[PDB]
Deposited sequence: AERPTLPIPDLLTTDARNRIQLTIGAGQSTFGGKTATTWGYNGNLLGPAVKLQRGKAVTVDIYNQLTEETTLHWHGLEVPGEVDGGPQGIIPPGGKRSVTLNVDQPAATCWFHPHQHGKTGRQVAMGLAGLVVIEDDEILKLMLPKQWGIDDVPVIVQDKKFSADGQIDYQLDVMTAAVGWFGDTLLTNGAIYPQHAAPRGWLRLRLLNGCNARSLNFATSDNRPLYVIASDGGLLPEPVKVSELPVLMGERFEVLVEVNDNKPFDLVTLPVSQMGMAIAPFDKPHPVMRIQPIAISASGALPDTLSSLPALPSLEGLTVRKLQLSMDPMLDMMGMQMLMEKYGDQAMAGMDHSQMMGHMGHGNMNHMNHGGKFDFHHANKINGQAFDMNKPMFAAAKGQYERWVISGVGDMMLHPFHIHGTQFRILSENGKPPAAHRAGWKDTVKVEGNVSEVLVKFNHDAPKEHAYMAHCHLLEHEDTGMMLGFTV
C-alpha cells in the first residue's frame, strides 16, 4: 500500500490576530533513507495559511536555521516592505513580523525563501508553504470545500539524493545552465502517495514547486481535468483539458470526477525542456493514486464561476522591454556537462565565472540598483523576450496579478487567459498587461525574474520600485 497523501494544516490567526511560522531544520525519510530537511512549522514543506479578502493578519516569522533567509508570498498583491524579496533578511535565531492587508480575489498562492543567490538551495532543502485566500464570491459557489477530503492541495516537486540519502544540491555550471532537477518525485513530500476521495467531484489545488522542472498533469485513464482557477484566482467558466502544462511556481485548481470503486492516478507527462525528459520522466510518471470512497460530499462543477473584466485598452500605455539572456559560454559548458553525465540518447536534442552569466537587459541582478520605477495604479505593457536563447524561462513579476496579452508568440490558451503571475518565455516574446496597486521603495524593491531558480540565482532577475 502507498503512503497516505500528507495534508498541510489549514492555519488561521490566534486571539492576537497572529500566525506563527518557525523556519527549522529536521529530518525526513525518502525510500527508507533519512535526509536532513527544512520546513515551516515542521520538518518539510509548510502549512496552508488561510487569508480573507479585506482582512489584515500579522505573521511572526522565526528563523531557527543557522543561515540567513527571507520569506516571500508568491502571488500576493502586497507592498514591497512585506514582500520578502532578497532584502527581507531574517538573521539566524531572529524574528521578523509582517502585516498582510489582503486585497485581491480568492486564489491559491504560496510562500518560499528568496535569499540572495541561494533561493534554489533553500527551496531544494524543503522550504515551501501554501496560501489559501478566500472571499465572499467563492464561498457562494457550490465547489468541493472539505479540506483534506475533497479539496486537496497537491505540491509536486522533484529532488535528487546522494547515495547516503541526503539531498544532493549544487549550483554549478550544469545547473546554472539547465537547472537543478532529480530522479525522485514528491507529492506533499511523499513518494507516490494515495488519497481517499469521496465519489463525486474532487478539487485539486496544484502547485509546481520544482526548482527547474516543468510538469504536465493528466490522468492515467485519460478522464478530463476541469480547470477552475489559475495563479490569481477563478476563471470565468470551467475549462476542460486532457492535459495541463504547469510551469515552475504556477498554480491551477482543477475538478476531476471520482466514481464507483476503481482507483486511477494523477500523472505528469513528458515535457520537451532540456534535461527533463530523461528517465524516469521519459514516460508518464505517477504523481498520486486517487481511491474512491463512499463518504459524504456535495461539491459541484458550476456552469459559471466568476466575472472576468475586459482587457485594458493598449492606447498610450507605457511599454517596458525586458531582454532575457544567457552567456553563450554558460550554454555551451552546461550542455556539455549534461551530455557528459547522461550520454547522447538520454532524451531528444542530445545527439545532434557562471555566477553572473544570466541577465536581463545586459545586467546581472544588482540588489543595490533597481532597473526602473514603474507607475502605481495604472496598467503598463511589459514585453519579455527570450529570442536568441532556446531555454524555458517562466517569467514571474512580484506585487501583481496580471493579464497575458501574448504568450511566446500566440494569444494565451483559455485556461491561461485570466489572472496570472507567471508567463512562458521560450525562444520567442511575450506581452503582459500589469498594474501595481502598492508601493515598493529602493530598500524593499519588487523583483521580476525567471522562476527557474538557478537562472534567478545566477543573475536573471531585476529589481523595480513603485
Which bits of the deposited sequence have no atoms placed for their C-alpha?
1, 354 to 374
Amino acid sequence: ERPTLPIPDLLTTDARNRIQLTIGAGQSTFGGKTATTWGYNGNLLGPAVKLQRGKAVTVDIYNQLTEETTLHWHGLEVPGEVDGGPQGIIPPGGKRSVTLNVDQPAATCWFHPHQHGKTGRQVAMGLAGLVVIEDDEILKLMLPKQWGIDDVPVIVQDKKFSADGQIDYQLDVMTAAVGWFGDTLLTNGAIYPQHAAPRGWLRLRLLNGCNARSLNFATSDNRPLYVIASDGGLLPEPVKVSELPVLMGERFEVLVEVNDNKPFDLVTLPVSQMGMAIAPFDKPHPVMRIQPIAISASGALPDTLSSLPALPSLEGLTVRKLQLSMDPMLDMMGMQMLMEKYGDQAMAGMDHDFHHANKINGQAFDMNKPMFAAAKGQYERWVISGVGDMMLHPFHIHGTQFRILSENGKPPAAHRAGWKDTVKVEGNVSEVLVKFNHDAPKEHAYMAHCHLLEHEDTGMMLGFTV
From here on, numbers count along this sequence of modelled residues.
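Just so we're on the same page, rigid core means the largest C-alpha set that superposes within 1.5 Å between forms.
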Do you reckon 260 to 268 or 318 to 326 strays further from the shown form in 7 other deposited structures of this protein, measuring C-alpha RMS after a core fit?
260 to 268
Between 293 to 301 and 195 to 203, greater root mean square CA displacement in 7 other deposited structures of this protein relative to the shown form, after rigid core superposition, belongs to 293 to 301
Stretch with the higher entry mean CA B-factor, where the candidates are 169 to 177 and 245 to 253
169 to 177
Per the record, averaged over C-alpha atoms, which has the higher B-factor: 22 to 30 or 395 to 403?
22 to 30
Maximum C-alpha temperature factor per the entry, among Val78, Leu202, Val154, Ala163, belongs to which one?
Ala163
Identity of residue with top Cα B-factor, from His72, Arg121, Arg320, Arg213
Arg320
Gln87: C-alpha B-factor third of its chain, per the entry, is the middle
Which third, lowest, middle or highest, does the C-alpha temperature factor of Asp231 belong to within its own chain?
lowest
Taking only the Cα B-factors deposited for this chain, tell me whether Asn63 sits in the lowest, middle or highest third.
lowest
Determine, from the deposited record, the chain-internal third of the Cα B-factor for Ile360: lowest, middle or highest.
middle
Assert third(CA B-factor, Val57) within chain per record equals highest
